[PDB]
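Chemist: Let me give you the structure first, and then I'll get to my questions.
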Amino acid sequence: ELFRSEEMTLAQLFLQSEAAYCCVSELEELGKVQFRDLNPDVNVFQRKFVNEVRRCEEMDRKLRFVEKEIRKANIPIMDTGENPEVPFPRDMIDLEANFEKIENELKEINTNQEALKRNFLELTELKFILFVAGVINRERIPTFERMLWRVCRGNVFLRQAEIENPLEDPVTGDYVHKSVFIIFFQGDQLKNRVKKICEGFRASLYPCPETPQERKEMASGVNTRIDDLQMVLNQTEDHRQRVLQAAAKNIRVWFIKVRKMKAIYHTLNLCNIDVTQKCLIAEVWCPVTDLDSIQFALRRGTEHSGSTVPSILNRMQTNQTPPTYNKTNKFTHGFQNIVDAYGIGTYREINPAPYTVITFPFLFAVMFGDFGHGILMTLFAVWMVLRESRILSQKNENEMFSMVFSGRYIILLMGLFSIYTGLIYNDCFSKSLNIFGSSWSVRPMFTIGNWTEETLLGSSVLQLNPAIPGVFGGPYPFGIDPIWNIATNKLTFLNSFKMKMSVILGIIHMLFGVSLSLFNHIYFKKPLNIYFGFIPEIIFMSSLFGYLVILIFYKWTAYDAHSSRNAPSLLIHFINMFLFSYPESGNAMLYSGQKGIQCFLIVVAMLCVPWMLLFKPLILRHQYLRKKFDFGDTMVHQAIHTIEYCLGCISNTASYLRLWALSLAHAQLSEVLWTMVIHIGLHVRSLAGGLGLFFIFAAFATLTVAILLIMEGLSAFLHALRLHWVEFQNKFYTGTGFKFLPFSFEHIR
Amino acid sequence: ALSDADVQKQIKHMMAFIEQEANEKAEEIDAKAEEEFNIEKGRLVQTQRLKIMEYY
């Protein structure tokens, strides 16, 4: 039983536009039906939903306008709920207008407020202007004065006045000291001159000075009036704020409801209008599960509409290439997305995602087999999960944070397996895991074997521990014996093992992917795809690549150190296998008769090729002409496919050497970063050593995060994902599908 | 969750719906025809009755 996509039907439903209105409401909130466009040649003007959409767009813009002003004012409006009710009466148009009135009112008030504000400032100047203190900006009054004398120097007294504690500049918007020079002139030419000057200069010298009491009384009058107008302004602004808060709540909720309204009308445009009755027929692609739920939903919808129209949905026997619908949940959604990132699978294709959930973390764990960082990696994921409720119910404009959050459950699992593999490798920041099981060698017996005081010469030598001295042997209980973690030749013992491991795992993973192709070939009833496809392809791979894997295990179990000199090399035998090179002597064979097996397997691998290479189009021609197909073109397709499979298996095997390459590369970073950073921080001097470790470690931990936890973890993520997409999926996960886009109530916020 | 019989029943229902509208619309048309019939007749009968009446 494999997971496959859900069915999407070709059914059509037909019913009255009123029942359709209600049903669309119901189906959109249900979210389980994907509609088809019944009139591809018809524009929105042609659908005749343009009046409804336009209305929606206009009220939408108006609401947004008001909302923007509301947001500018920093109002608390929680926008807490009621949104789920989603009614859509035609009376919404009237609701819209009432909200339109608010916009107009608010704009009018602000316009008036600004106007009143301006008047206030001018009257404020008058307050100061009434002896009399005129108003200037006085940025460069030295020059104003000079220009005044240039036009006539020294003719009239310049009276100075100053403003104590000036308030916010009507223009500048700040509080500066102000002082003014006011000159009374008898001549008209000078009045005109200085008018032009003052216009050029940063100054307000507009009213005429008056000494008469009457003007002082006038100024007092207007100074009172403006105070009253300011009080009115203050009142209208407080009212506006009260209005804005109430509207903020009503509008945020209505706003969402409106967005849903628009969504409904949009969907309603995507239909065909009947001629016989004012009814629409619409087509949806839905699986039976959903179709039963929908029928019930339809009864609910039509019941909300006053007409309770039966609304018949007719199943379509004919099947139309559907979108691919994959049900996901909070955990598996992320894995499906990284699959979809490569492409949308063929309808009824085997979904790779259920296998990715484990396969991908495993490939990472091999690439990132680091026990210590595996823990840190999980802790990072846990942090995100612990804030899951706080991150979801908040704004997240940072897309990189959102992405890693969405992948938080992927990361956690990746860490989980990375710990597993790091534990077996026994590397935790280049630290081994001592289980008291290290019995590789018995040092006491080393000295007995004619090594007396070797530690004296040892000052200039290392000396490699011999195999099979009669006193050494026995595996480490779990994983690699910790002793190799401090060896100078770990770089051959452990590097070789990981090399062989990567090859073995890569081949197995490919064979798994191929095995899945058999199930796909069964589902689509293509016997030919296995008779000349699966069978000769898997025979090719087994005979060459599975044989190699068997030999690797054989070597480990067949030969001991007793034959270490000129020990058989699996690389050379593998090469000689392919080339049919069978020297009589000079090279030890793994087992007697190996040459016969080597020749047998390669010949058989060739014998399967004709089937996969050309017999498929050959039999298709046979069957085609008997039943009665571009034979030449089909030969081209199959020949290319055969080359890709056969050559790709060889290339794909190399691809999985990334497991070794990245595991080694990481191991090199960990060993070097430790050795050249924290190790040097240690010293025989007590206090200096302790304090040094503090500062050095802090930097060390920083480098481990910057280099390994982030950058390398990201690299291993990408490389393991590469293997999934190219080498695994390409064995069975083929073709493309369409995006599954049902009606849904997405506009919740 | 419907069989051929159930979908056919709902189709039959929709057709009954159409027949119901057919009847209501026709009745509405004949009713206005009746109104115009009576209005024109009363107008005509009084007009000529009075014309010959006034002559006499």
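Labels used: A, B, ... for chains in the order of the structure tokens, numbers from 1 for residues in each chain, and numbers from 1 for ligands as shown.
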Find the residues of chain A that sit at most 7 Å from chain B; for each, write down the nearest two atoms and how far apart they are in Å, to one decimal. Count only C-alpha atoms. Sort by chain, then by number going up, and give it as CSV.

Modeler:
residue,atom,partner,partner_atom,distance
A:292,CA,B:1,CA,5.6
A:310,CA,B:10,CA,6.4
A:312,CA,B:10,CA,6.3

Chemist: Using DSSP on the backbone coordinates, identify the residues of segment 260-441 of chain A assigned to helix (DSSP H, G or I); present them as an MDAnalysis selection string.

Modeler: chainID A and resid 260:269 288:304 333:340 353:367 371:386 388:392 399:406 408:425

Chemist: If you measure from atom CA of residue 372 of chain A to atom CA of residue 716 of chain A, what distance in Å do you get, rounded to one decimal?

Modeler: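 For atom CA of residue 372 of chain A relative to atom CA of residue 716 of chain A, the distance reads 16.0 Å.
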
Chemist: Calculate how many Å separate atom CA of residue 87 of chain A from atom CA of residue 57 of chain A, rounding to one decimal.

Modeler: 17.8 Å

Chemist: Hey, which of A:203, A:158, A:723, A:136 ends up closest to residue 185 of chain A? Count only C-alpha atoms.

Modeler: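 Closest to residue 185 of chain A of all the choices is A:158.
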
Chemist: Name all residues at most 12 Å from segment 459-469 of chain A (count only C-alpha atoms; drop same-chain ones fewer than 6 positions away) and give them as a list in words.

Modeler: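 Once the nearby chain positions are removed, what remains is residues 440, 441, 442, 443, 445, 446, 447, 448, 449, 450, 451, 453, 483, 484, 487, 488, 489, 490, 559, 560, 561, 562, 563, 564 and 565 of chain A.
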